[PDB]
Amino acid sequence: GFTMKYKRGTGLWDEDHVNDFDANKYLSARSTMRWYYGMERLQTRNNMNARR
Amino acid sequence: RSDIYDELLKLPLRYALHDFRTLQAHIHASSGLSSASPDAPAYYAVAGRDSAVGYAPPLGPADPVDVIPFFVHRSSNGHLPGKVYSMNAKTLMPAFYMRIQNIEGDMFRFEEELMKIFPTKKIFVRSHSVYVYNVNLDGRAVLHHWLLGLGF
Amino acid sequence: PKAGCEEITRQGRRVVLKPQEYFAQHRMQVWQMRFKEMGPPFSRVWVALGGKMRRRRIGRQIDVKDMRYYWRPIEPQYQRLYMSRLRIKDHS
Amino acid sequence: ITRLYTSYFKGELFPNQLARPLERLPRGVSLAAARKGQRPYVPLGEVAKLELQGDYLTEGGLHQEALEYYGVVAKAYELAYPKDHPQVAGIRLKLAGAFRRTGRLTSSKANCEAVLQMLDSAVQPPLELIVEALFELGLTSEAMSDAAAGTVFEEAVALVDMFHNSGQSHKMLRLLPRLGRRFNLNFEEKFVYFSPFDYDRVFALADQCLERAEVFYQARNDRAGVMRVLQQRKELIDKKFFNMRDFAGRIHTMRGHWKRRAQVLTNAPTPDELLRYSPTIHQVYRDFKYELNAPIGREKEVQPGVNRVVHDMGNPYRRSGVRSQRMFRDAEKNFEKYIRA
Amino acid sequence: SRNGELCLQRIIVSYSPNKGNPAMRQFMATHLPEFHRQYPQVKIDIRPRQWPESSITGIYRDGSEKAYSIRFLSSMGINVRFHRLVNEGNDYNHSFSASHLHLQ
Amino acid sequence: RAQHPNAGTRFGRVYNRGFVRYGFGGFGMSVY
Amino acid sequence: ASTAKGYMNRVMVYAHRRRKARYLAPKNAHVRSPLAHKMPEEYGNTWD
Amino acid sequence: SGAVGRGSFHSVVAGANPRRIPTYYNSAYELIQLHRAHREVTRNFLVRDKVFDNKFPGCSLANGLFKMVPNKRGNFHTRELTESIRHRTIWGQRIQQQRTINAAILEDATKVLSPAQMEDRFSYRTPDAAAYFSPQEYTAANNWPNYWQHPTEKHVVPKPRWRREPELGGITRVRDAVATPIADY
Amino acid sequence: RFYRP
Amino acid sequence: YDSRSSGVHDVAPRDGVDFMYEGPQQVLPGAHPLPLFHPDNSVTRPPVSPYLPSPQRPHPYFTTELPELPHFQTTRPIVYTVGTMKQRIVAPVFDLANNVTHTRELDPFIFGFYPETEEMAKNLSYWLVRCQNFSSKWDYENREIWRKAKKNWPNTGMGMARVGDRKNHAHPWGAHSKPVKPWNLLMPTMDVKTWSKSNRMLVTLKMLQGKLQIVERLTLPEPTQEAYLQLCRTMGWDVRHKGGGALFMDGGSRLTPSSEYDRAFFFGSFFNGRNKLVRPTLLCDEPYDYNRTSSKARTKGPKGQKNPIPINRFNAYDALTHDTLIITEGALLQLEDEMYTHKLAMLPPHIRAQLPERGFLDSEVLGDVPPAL
Amino acid sequence: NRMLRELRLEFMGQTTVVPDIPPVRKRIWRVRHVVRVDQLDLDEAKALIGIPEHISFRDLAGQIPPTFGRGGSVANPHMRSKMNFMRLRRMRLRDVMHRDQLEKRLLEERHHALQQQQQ
Amino acid sequence: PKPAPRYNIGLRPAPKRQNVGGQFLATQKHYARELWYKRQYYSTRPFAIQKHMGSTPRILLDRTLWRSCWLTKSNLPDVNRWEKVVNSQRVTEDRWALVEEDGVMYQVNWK
Amino acid sequence: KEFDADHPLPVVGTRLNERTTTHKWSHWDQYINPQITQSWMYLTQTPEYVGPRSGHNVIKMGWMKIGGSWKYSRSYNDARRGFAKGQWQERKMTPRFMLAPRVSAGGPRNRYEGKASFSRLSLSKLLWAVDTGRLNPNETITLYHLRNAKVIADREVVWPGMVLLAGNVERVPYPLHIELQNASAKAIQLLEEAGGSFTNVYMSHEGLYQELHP
RNA sequence: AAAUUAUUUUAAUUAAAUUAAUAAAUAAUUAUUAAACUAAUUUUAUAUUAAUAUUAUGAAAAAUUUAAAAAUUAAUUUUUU
């Protein structure tokens, strides 16, 4: 349906306007590397998907 | 209103109030021009200088020698911090309480000046506000006639 | 393995988000036409019209054929019944 | 069900009835150190009733008749208690306040100057007395038309502004406005107020000495002094009020949470013993010989024991497979370059 | 107290110098240095350990002991449970009743 | 069944010895 | 006697309901009787 | 459309507006919503030019492309960005217009009576502004949140006779003798 | 929406 | 309660630590007359502040400009709104080499907003909820069980239980009737109006607690982790798991402010210890819930806002678990910039009209002032 | 039970000292089968408690405060609980009217010290 | 605006589906006890074996549970050597069992 | 109170002392001395939030505890299912709605497609703003200014645009120009006395948009 | 129909009428939340209300009153932590 798709890239950083309920209180050393690498992936995973 | 202002001018209140007439925003080119400085050069006025609704900057302290111990700020839109909520709006209960939300200072030396006004309304103090109970939109009108007298 | 150890390995139907209702459902139209709610805050009468105003007129009393013309309040015992379906919007 | 209290109703229990300690002047301090800087069976049950009957007479206005009672009490008290005792200093204090009503200021000041020499020689006098001890002496000084030395009132408070914990008075009473759980019936229990002029006597006197110091300068016309009396007095009451301050708990009526009372009637440090003993100023002596860590530098003062091998950071991924322990390899060797001195 | 001499010897105070529930750490600065003056002949020893065995326990000179839970219990209560130890001697358990108003 | 508080003995009914005799009226409960 | 923890918790042996405020008048409301809503001296007025 | 004083075309009726050049207005609230609006158009260009800097080598393979599909960025530039410039321009005029009047007022006014009283006649110096701007000057009220530290009420907090302890490790430690707390009833 | 029926 | 009146204690001192109580003069380890659950002195978690936070000092920082150091006024002119501290602040910023260079005056609106616990709770109660693993809170439902939907024995005449289709929640192979599914769990909507307040009353708390430290640049010589522990060793930070950590709001240097962290530091800030590189901001966009009523009947989701604050903004949890806070001026420039128009919109009108007189609304779009940094 | 309530009598064995005024004589009359009365002439009361003959009782009572235990009997236990509330307020105000009366006198002096300063 | 249901989050382990509780309360799943070690109602607290619920354990000792059962092979590798944290390090000391010899107790080696 | 200091009253605690709990920090003790809010377990909720629901508010019987007696919840087990849905609330007695007669076939205050129902912008509001400084008195104050200056929000400008109401405003002091929709006759004769104007624009919905988002 | 999970608490009570192709609906009661001190008396004594929540038709021993009652019915004070 309608899910504010005009906001996906229109945030100021990469972790914004992406609803990720799967969080945690203390994300550990490699759970943080896993997180930052994650936001950008589903930001470039989405793009080159939508470019192809 | 003058009728309410007596019920403050009668009180034994420290931090005296401005006299009523000098508390009024409501009163020689042509018998004197209007208030908002429209001068003789074809009447250029100055924007925020006159107000028929009753807005005006705070008149200032009561008397110079005293130092008021609480300060009630104004809202972003000008009017004063009194708000009259209701107990249990969900059931539309007509039993109301007030809330004095925008004050800084020592609320207790502020709330100890409400007690002298309402010697019968339960007043509770909290970090930000000062709840006074069983006082409805007429009590809202008593406060502002006081928070104007105090000079805020 | 724990909830049923065989009921949870073989798979049945999985349930999902349950759709909501028309969240102005309870202002049904047998009031949106019969009554109208008047009043200042914290006193809302649901004034209604007279009971006998269309059926039998000839021969009824002369000064009671008009008590049917005033916007009377409905007695509060019904105010609270009908306005109960409206309170439920966000209880507690 | 509305009560009548006709038949005997035993008193209720309530935190306003604690056995507060009588305000003792601290150990390493005696009276004059600050003042010069400025058993046998004796039927005390019979005189306590007598010494009381003196008060009712000096409170009514039969001062001469109350003098003759306090005489008797000044005789039984100096027989029961030894020299230097505080209570024997209490009665020859009111006795000295009994002469001054009847003009005998020759013995009033004299019998009141001796309570000081009976209080200073003690070890730890009650600060409830020694502030009256020279509040009286202040009055009988003026009653002798001594207009200046009658203002030792300033030095009466010159103790309670120094050696009086203005917060120990309402430590347990400060929190009672939380014990009420009702709001529209039996709700006076949210506004339980106890005047500091009842639950603090060393404060009352301090307020009364300065009030008398206000009228002694009112006559002498010492306007520079009447201020440093007032501007002193207000800073004395407002810091006593300050120790009753607390914010309202839940305002509307609460039900059932009755075990919450174990949280309201407790050791709530009054805002005097809070700002005073703040953790940052008064710091907690933490000895690492009992703990299991120290700041980076001091990593050898810690809890000692039998042979210890420092294995590694207790990183949890050591329980995963090998491709997780091939990562995390250079973790520890990096951590010693962080705890080496 | 028996013939002027107390019937309690030790008051074991197991606490943690850094962990939590300051009730004990809050007691050893306010009350304990004053309960130490009234009853100096009580050999108060204290036990800093990681998992505080949360129970005050007096060791009476009769050889017997008596513990007291101090879970979740504030300083003012710990003050009382101290003075509840120096009072009783743990020497007998009698229902206060008719047959027990006169012990002998 | 009309379950209203104040319609009978509040929660059920019990027969303590001060009831089995001296019931309502003092002349005693029928049984017990 | 048999007092048990509180004002209005007296005899507690008769099986009457304590805490019941016997002094207060009955809420006769709808019931039809001469005894309705009348201070006891006005009971003889059975014409109103 | 209105949005400025030019009058919307709904002055089809030839409603004139005489008695003009009448008000000096400092455009206080409008300069505020300009700095707010100027932040958006720059906070929008930042987005329209987001270009992959993949600090990770997993999905580095796009590190040259923009972070928005070419058709979308070609839209968002035109839908939201170029709108926000118009919305920024609007305030950039409602103020540049109001200044033009003030420039005319502040000349015809400066003459008449005083070049000293002039910027007092056009002032807004409420007697309390020392509360908000230079609170060191303000005394006539006690508007601290930590009121017990206002100089007129500093005499509330106690000044503990503290001390250091080298045997404890330089810990500061107050020399107050604790008052024996209440115990029983 | 599909309203709950 | 008070059970186990015996056997809980050993009548013997452990021959090591155990020790009698000598006297009233004995300064016991840990003892203090206030009920503190984190008894930390100034040697364990030492505050990085000019003075120790005292009740006398309104804040443990330079209330005034000290003469022997360059003073840098705020990036923006300053006004004192409702809650602010009405007291000037000057925080000395630290060189990377642990030296103290120029002192910098902080904004009394961001770092001067006095705390009040119940308005950081709205921040904490949000985090302790937003930081669940909602999708983990699944649970089987009555229907989702896959058992016979037909009573095998109709209960007619014998003493069998009045039960059939036993896939309900009573039986050890059943599931709930109203179970807990993620799409039934509320993620709370958090306004920027109160997230900002709930961040400013903390980053002031971390200043009143004297745990606030400003650094010129959070940059490493090389991106290796070892260079980030070596940096912490000179700066004295304790990123050990147990020693209270550090919260870096990396905004870059004073003249080169940047939101995207210094790539050098970012790769070096991956230490297993207790540290959390957060984004240099306190605001976050308005919440929105496109699936407001039921629109999308397939979303997994929680209920509530579909735009949760990400994990690495400045929150209340990681603000109180990490003792020291480490802000580069490149963040202070961003915080004063992003909250300027917010600080001004909250002043009362009789004040708001005085700004262009006092030089607060100089608008670089009109050209009355050369553009700020 | 209503009459007994107006004689301050509920429980068995309770005891009160009511006057012989007329509308009490009916209340006691209706409940004669419940109470056990005893009459005292006032002179036989001025001696039951040792009282000088000259002191009347309308001056003895003019001394006790009117707020004796359970001051008033207001129309319902709420109005009771707001008659005890304000009574616990006029205590707060009694210290607060005290704490400013110290300030209002220091303020009126700080004015005269200032005023007379310029002379 | 309306603040979240902290209910019991971050403090204590999840409650178990009482009669009461909102829809937003996330209880624990069917057939899963809220207190891990209370398999019975009288199973006593395990001495030094905690289960780390919540986030990834900062410092996972070998003798605490993490999504796992207890394995006398993997949890306590050597029963004679006994670990702890010291300066945030997983060190291992010789296990000592206390015996009294002279009225005081001695931290004598255990093996 | 000790009659003599030498015989101190003993400390033999009661159920009001020996049974207490550790003082958590109240929002005042953390407002005084913020040096004690040392962990997130100190940020306890609003004092008014007592805690989660813990009892069954059974009707006609107070608030019962959990695990309590269900002898008297005969109608709580029946007011938890919820009100009958799609069913007349009034089981007998000819529902009060059915008794009253249908009036005005759409309703007594119905809004059809094209009804002139305007949200009331009290003149006091507009006059309050113009001095406050949100509105510029020079520029003819069309509804864009009112919307963009946060005088009125989105939730109050529907299709009939607005309506100026002279509410208690006995006087308007300065020449004020407005382009609003359907001022009240007094509100018009108030602006027109002070040399102002009021040219009531009554735009179609297509015009309502292009005026708010030009 | 069967169940509905957390002791040590801290303000009381019953009601009985309009209607029912015979009881989810109303009064009255109870309840949750909240209220203001109108002559009557003692210097006595007084639970009166508002707002909402509410799946109920039948009252021991008396005093009497209908009815072949052979009890039901009216009645009205009880109705234990």
# chains A, B, ... in the order shown; residues from 1 in each chain; ligands from 1
$ interface_residues --of "chain E" --to "chain M" --cutoff "10 Å" --atoms "only C-alpha atoms" --output "PDB file with C-alpha atoms, in the first residue's frame"
ATOM      1  CA  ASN E  21      20.777  -1.592  48.136  1.00  0.00           C
ATOM      2  CA  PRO E  22      22.629   1.094  50.095  1.00  0.00           C
ATOM      3  CA  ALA E  23      20.520   0.431  53.200  1.00  0.00           C
ATOM      4  CA  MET E  24      23.535  -1.164  54.822  1.00  0.00           C
ATOM      5  CA  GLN E  26      23.624   3.947  54.480  1.00  0.00           C
ATOM      6  CA  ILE E  70      17.170  -7.311  55.868  1.00  0.00           C
ATOM      7  CA  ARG E  71      15.955  -7.770  52.310  1.00  0.00           C
ATOM      8  CA  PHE E  72      14.758  -4.485  50.824  1.00  0.00           C
ATOM      9  CA  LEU E  73      14.821  -3.028  54.311  1.00  0.00           C
ATOM     10  CA  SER E  74      15.830   0.556  54.943  1.00  0.00           C
ATOM     11  CA  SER E  75      18.397   1.908  57.361  1.00  0.00           C
ATOM     12  CA  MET E  76      15.898   2.951  60.028  1.00  0.00           C
ATOM     13  CA  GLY E  77      14.674  -0.627  60.092  1.00  0.00           C
ATOM     14  CA  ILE E  78      18.195  -2.006  60.302  1.00  0.00           C
ATOM     15  CA  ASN E  79      18.730   0.296  63.266  1.00  0.00           C
ATOM     16  CA  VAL E  80      15.761  -1.359  64.951  1.00  0.00           C
ATOM     17  CA  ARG E  81      16.812  -4.910  64.118  1.00  0.00           C
ATOM     18  CA  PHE E  82      20.126  -4.081  65.745  1.00  0.00           C
ATOM     19  CA  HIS E  83      18.433  -2.983  68.951  1.00  0.00           C
ATOM     20  CA  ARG E  84      16.219  -6.040  68.650  1.00  0.00           C
ATOM     21  CA  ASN E  87      17.690  -6.755  73.868  1.00  0.00           C
TER      22      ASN E  87
END
$ residues_around --residues "residue 25 (chain M)" --least-positions-apart "4" --cutoff "12 Å" --atoms "only C-alpha atoms (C1' of nucleotides)" --output "ChimeraX atom specification"
/D:246,263-264,266-271,274 /J:34-37,117-118 /M:29-45,47
$ atom_distance --atom1 "CA of residue 79 (chain D)" --atom2 "CA of residue 116 (chain D)"
19.2 Å
$ closest_residue --among "D:327, D:284, D:144, D:296" --to "chain L" --atoms "only C-alpha atoms"
D:296
$ residues_around --residues "residue 84 (chain D)" --least-positions-apart "6" --cutoff "12 Å" --atoms "only C-alpha atoms (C1' of nucleotides)" --output "ChimeraX atom specification"
/D:77-78,90,92,114-125
$ write_last_selection --atoms "N, CA, C and O atoms" --output "mmCIF file, in the first residue's frame"
data_model
loop_
_atom_site.group_PDB
_atom_site.id
_atom_site.type_symbol
_atom_site.label_atom_id
_atom_site.label_comp_id
_atom_site.auth_asym_id
_atom_site.auth_seq_id
_atom_site.Cartn_x
_atom_site.Cartn_y
_atom_site.Cartn_z
ATOM 1 N N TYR D 77 15.678 19.480 92.449
ATOM 2 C CA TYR D 77 16.461 19.134 91.272
ATOM 3 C C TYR D 77 17.947 19.134 91.579
ATOM 4 O O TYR D 77 18.685 18.275 91.088
ATOM 5 N N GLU D 78 18.412 20.084 92.382
ATOM 6 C CA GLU D 78 19.830 20.102 92.702
ATOM 7 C C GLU D 78 20.192 19.044 93.730
ATOM 8 O O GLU D 78 21.376 18.865 94.024
ATOM 9 N N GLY D 90 18.142 23.402 83.775
ATOM 10 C CA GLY D 90 16.906 23.825 83.147
ATOM 11 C C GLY D 90 16.000 24.577 84.097
ATOM 12 O O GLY D 90 15.322 25.524 83.698
ATOM 13 N N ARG D 92 16.885 26.155 87.204
ATOM 14 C CA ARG D 92 17.460 27.430 87.589
ATOM 15 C C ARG D 92 17.634 28.348 86.404
ATOM 16 O O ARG D 92 18.318 29.365 86.513
ATOM 17 N N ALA D 114 24.488 31.907 86.051
ATOM 18 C CA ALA D 114 25.048 30.687 86.613
ATOM 19 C C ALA D 114 24.646 29.453 85.823
ATOM 20 O O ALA D 114 25.336 28.432 85.897
ATOM 21 N N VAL D 115 23.539 29.507 85.082
ATOM 22 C CA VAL D 115 23.206 28.367 84.237
ATOM 23 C C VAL D 115 24.213 28.234 83.106
ATOM 24 O O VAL D 115 24.511 27.123 82.656
ATOM 25 N N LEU D 116 24.775 29.347 82.643
ATOM 26 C CA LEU D 116 25.841 29.251 81.659
ATOM 27 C C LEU D 116 27.059 28.561 82.253
ATOM 28 O O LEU D 116 27.548 27.572 81.699
ATOM 29 N N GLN D 117 27.537 29.040 83.399
ATOM 30 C CA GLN D 117 28.626 28.359 84.083
ATOM 31 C C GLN D 117 28.236 26.969 84.554
ATOM 32 O O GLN D 117 29.103 26.222 85.016
ATOM 33 N N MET D 118 26.963 26.610 84.453
ATOM 34 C CA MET D 118 26.530 25.239 84.670
ATOM 35 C C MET D 118 26.344 24.492 83.361
ATOM 36 O O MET D 118 26.291 23.258 83.358
ATOM 37 N N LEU D 119 26.260 25.213 82.244
ATOM 38 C CA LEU D 119 26.127 24.555 80.951
ATOM 39 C C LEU D 119 27.469 24.405 80.253
ATOM 40 O O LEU D 119 27.728 23.371 79.633
ATOM 41 N N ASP D 120 28.336 25.413 80.336
ATOM 42 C CA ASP D 120 29.608 25.318 79.631
ATOM 43 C C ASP D 120 30.486 24.223 80.214
ATOM 44 O O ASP D 120 31.126 23.471 79.471
ATOM 45 N N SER D 121 30.539 24.121 81.542
ATOM 46 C CA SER D 121 31.388 23.125 82.177
ATOM 47 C C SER D 121 30.975 21.706 81.821
ATOM 48 O O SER D 121 31.754 20.775 82.044
ATOM 49 N N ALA D 122 29.780 21.519 81.271
ATOM 50 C CA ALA D 122 29.344 20.201 80.853
ATOM 51 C C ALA D 122 30.184 19.710 79.680
ATOM 52 O O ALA D 122 31.124 20.369 79.226
ATOM 53 N N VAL D 123 29.842 18.524 79.193
ATOM 54 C CA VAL D 123 30.557 17.936 78.069
ATOM 55 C C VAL D 123 29.808 18.153 76.760
ATOM 56 O O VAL D 123 30.390 18.584 75.762
ATOM 57 N N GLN D 124 28.511 17.856 76.743
ATOM 58 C CA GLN D 124 27.696 17.960 75.536
ATOM 59 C C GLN D 124 26.330 18.483 75.943
ATOM 60 O O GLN D 124 25.400 17.710 76.207
ATOM 61 N N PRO D 125 26.173 19.797 76.007
ATOM 62 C CA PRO D 125 24.934 20.381 76.492
ATOM 63 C C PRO D 125 23.846 20.309 75.442
ATOM 64 O O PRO D 125 24.129 20.164 74.245
#
$ interface_residues --of "chain N" --to "chain D" --cutoff "8 Å" --atoms "only C-alpha atoms (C1' of nucleotides)" --output "list in words"
residues 9, 11, 12 and 34 of chain N
$ write_last_selection --atoms "N, CA and C atoms (P, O5', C5', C4', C3', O3' and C1' of nucleotides)" --output "PDB file, in the first residue's frame"
ATOM      1  P     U N   9      -3.497  -4.555  57.238  1.00  0.00           P
ATOM      2  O5'   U N   9      -4.149  -3.568  56.187  1.00  0.00           O
ATOM      3  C5'   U N   9      -3.610  -3.486  54.880  1.00  0.00           C
ATOM      4  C4'   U N   9      -4.683  -3.342  53.838  1.00  0.00           C
ATOM      5  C3'   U N   9      -5.616  -2.159  54.034  1.00  0.00           C
ATOM      6  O3'   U N   9      -5.987  -1.641  52.766  1.00  0.00           O
ATOM      7  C1'   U N   9      -6.862  -4.151  54.010  1.00  0.00           C
ATOM      8  P     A N  11     -10.800   4.041  53.310  1.00  0.00           P
ATOM      9  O5'   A N  11     -12.033   3.056  53.219  1.00  0.00           O
ATOM     10  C5'   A N  11     -13.284   3.541  52.772  1.00  0.00           C
ATOM     11  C4'   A N  11     -14.349   3.362  53.815  1.00  0.00           C
ATOM     12  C3'   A N  11     -15.740   3.796  53.372  1.00  0.00           C
ATOM     13  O3'   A N  11     -16.708   2.860  53.825  1.00  0.00           O
ATOM     14  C1'   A N  11     -15.095   5.004  55.312  1.00  0.00           C
ATOM     15  P     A N  12     -17.161   1.679  52.839  1.00  0.00           P
ATOM     16  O5'   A N  12     -18.570   1.223  53.408  1.00  0.00           O
ATOM     17  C5'   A N  12     -18.682   0.665  54.704  1.00  0.00           C
ATOM     18  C4'   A N  12     -19.923   1.157  55.391  1.00  0.00           C
ATOM     19  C3'   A N  12     -21.239   0.801  54.725  1.00  0.00           C
ATOM     20  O3'   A N  12     -21.681  -0.503  55.051  1.00  0.00           O
ATOM     21  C1'   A N  12     -21.234   3.083  55.329  1.00  0.00           C
ATOM     22  P     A N  34     -11.132  11.764  43.101  1.00  0.00           P
ATOM     23  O5'   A N  34     -12.270  12.845  42.899  1.00  0.00           O
ATOM     24  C5'   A N  34     -12.023  14.016  42.151  1.00  0.00           C
ATOM     25  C4'   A N  34     -13.245  14.884  42.090  1.00  0.00           C
ATOM     26  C3'   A N  34     -13.695  15.489  43.403  1.00  0.00           C
ATOM     27  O3'   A N  34     -12.988  16.666  43.742  1.00  0.00           O
ATOM     28  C1'   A N  34     -15.539  14.517  42.322  1.00  0.00           C
TER      29        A N  34
END
$ residues_around --residues "residue 2 (chain F)" --least-positions-apart "3" --cutoff "10 Å" --atoms "only C-alpha atoms (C1' of nucleotides)" --output "ChimeraX atom specification"
/F:5,7 /M:72,74 /N:56-57
$ write_last_selection --atoms "N, CA, C and O atoms (P, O5', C5', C4', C3', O3' and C1' of nucleotides)" --output "PDB file, in the first residue's frame"
ATOM      1  N   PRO F   5     -24.121  -7.133  46.650  1.00  0.00           N
ATOM      2  CA  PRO F   5     -23.698  -6.833  48.012  1.00  0.00           C
ATOM      3  C   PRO F   5     -24.838  -6.152  48.744  1.00  0.00           C
ATOM      4  O   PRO F   5     -25.621  -5.412  48.153  1.00  0.00           O
ATOM      5  N   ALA F   7     -27.335  -7.740  49.937  1.00  0.00           N
ATOM      6  CA  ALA F   7     -28.565  -8.508  49.813  1.00  0.00           C
ATOM      7  C   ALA F   7     -28.627  -9.684  50.769  1.00  0.00           C
ATOM      8  O   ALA F   7     -29.708 -10.246  50.970  1.00  0.00           O
TER       9      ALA F   7
ATOM     10  N   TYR M  72     -19.426 -12.319  43.252  1.00  0.00           N
ATOM     11  CA  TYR M  72     -20.180 -11.100  43.004  1.00  0.00           C
ATOM     12  C   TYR M  72     -19.844 -10.472  41.665  1.00  0.00           C
ATOM     13  O   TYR M  72     -20.333  -9.381  41.362  1.00  0.00           O
ATOM     14  N   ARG M  74     -20.812 -11.602  38.826  1.00  0.00           N
ATOM     15  CA  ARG M  74     -21.735 -12.190  37.867  1.00  0.00           C
ATOM     16  C   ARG M  74     -21.950 -11.289  36.671  1.00  0.00           C
ATOM     17  O   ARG M  74     -22.277 -11.784  35.591  1.00  0.00           O
TER      18      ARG M  74
ATOM     19  P     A N  56     -28.161  -7.010  36.324  1.00  0.00           P
ATOM     20  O5'   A N  56     -29.365  -7.642  37.158  1.00  0.00           O
ATOM     21  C5'   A N  56     -29.432  -9.038  37.422  1.00  0.00           C
ATOM     22  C4'   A N  56     -30.677  -9.418  38.189  1.00  0.00           C
ATOM     23  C3'   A N  56     -32.004  -9.176  37.471  1.00  0.00           C
ATOM     24  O3'   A N  56     -32.945 -10.152  37.906  1.00  0.00           O
ATOM     25  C1'   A N  56     -31.968  -7.936  39.462  1.00  0.00           C
ATOM     26  P     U N  57     -33.874 -10.912  36.841  1.00  0.00           P
ATOM     27  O5'   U N  57     -35.346 -10.830  37.454  1.00  0.00           O
ATOM     28  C5'   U N  57     -36.019  -9.583  37.629  1.00  0.00           C
ATOM     29  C4'   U N  57     -36.499  -9.408  39.051  1.00  0.00           C
ATOM     30  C3'   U N  57     -37.598 -10.381  39.505  1.00  0.00           C
ATOM     31  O3'   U N  57     -37.321 -10.869  40.817  1.00  0.00           O
ATOM     32  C1'   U N  57     -38.246  -8.159  39.956  1.00  0.00           C
TER      33        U N  57
END
